[PDB]
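First, one chain by itself in structure tokens, the form deposited in one PDB entry.
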């Protein structure tokens, strides 16, 4: 009966902080670019009015470019902790600052989780306070960022804004807006979570590794 959220996106966009805003506590550690990067998954637990909310905060290593060996066993761990599948993938971007590294992070989500995990993805904009009480929809309508338009469209126009430093009632207000989207998206899905061939495999570490390499390979075969 729980709700499963997986935080994804470029490093330093504010997803760990986003997890904290949603759960309304000190769950994951926010951190500057100066700090040491995470190689391991972290999970946390909360609730939003009779529904238990479960968040999985993926490591920064997921976004890394070249060969990292510790990647495969941590993708298995991320899959095992989100089993049997996430209801929502939460792609976190900084408002007004969507770059190549962001497009690249959005690619890795597709590569790892599946090309249609985007149909269970909501785009979360951080630094909401830069709108100055302005509409997030109106800012998106008048955006010249062509690559962000692609990502939002692939996510079915589902967008949201967060000020991760907001406290008290202002925090509830913005989290409700997200909880509205989740609710609306889940209605489109009839309460279903996202699953793939890899979640089915999880009902050892070697067989998953081999199955994950093959899966990721296929997801790149579409992108041609």
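Shifts are known only where both forms have a C-alpha. Between two forms, the rigid core is the largest collection of C-alphas that superpose within 1.5 Å. Positions refer to the first chain, counted from 1.
For residue 85, the fraction of other compared entries lacking coordinates, among those that model flanking residues, is zero, nowhere near a third. Omission of residue 99 is seen in none of the other entries compared for this protein where the adjacent residues are built, far below a third.
Count the deposited residues lacking coordinates between residue 203 and residue 204 and you get 10 or more of them. Here 128 to 136 and 93 to 101 are compared by their mean Cα B-factor, and 128 to 136 comes out higher. According to the PDB record, 210 to 218 carries the higher mean C-alpha B-factor of the two stretches 11 to 19 and 210 to 218.
Reading the B-factor column for the CA atoms of 177, 69, 29, 60 in the entry, the top value corresponds to 69. When the modelled residues of the chain are ordered by their C-alpha B factor, residue 43 lands in the lowest third. In the deposited entry, the Cα temperature factor of residue 82 sits in the bottom third of values across the chain's modelled residues. Per-chain ranking of the deposited C-alpha B factor places residue 56 in the lowest third. In this PDB entry, the Cα temperature factor of residue 76 sits in the middle third of its chain's modelled residues.
Annotation for residue 145: CA B-factor lies in the highest third of the chain's modelled residues.
The discussion below concerns the form deposited in another entry, not included here.
For the residues 189, 165, 51, 31, superposed on the rigid core between the shown form and the other one, a C-alpha shift of 2 angstroms or more shows up only at 31. If you compare C-alpha positions, residue 108 and residue 33 are 3 angstroms or more farther apart in the other form than in the form on display. In the other form, the CA atoms of residue 35 and residue 123 come closer by at least 3 angstroms compared with the shown structure. Once the core is fitted, the segments that move between the shown form and the other one, counting only runs of three or more residues with each CA displaced by at least 2 angstroms, are 31 to 39, 63 to 67.
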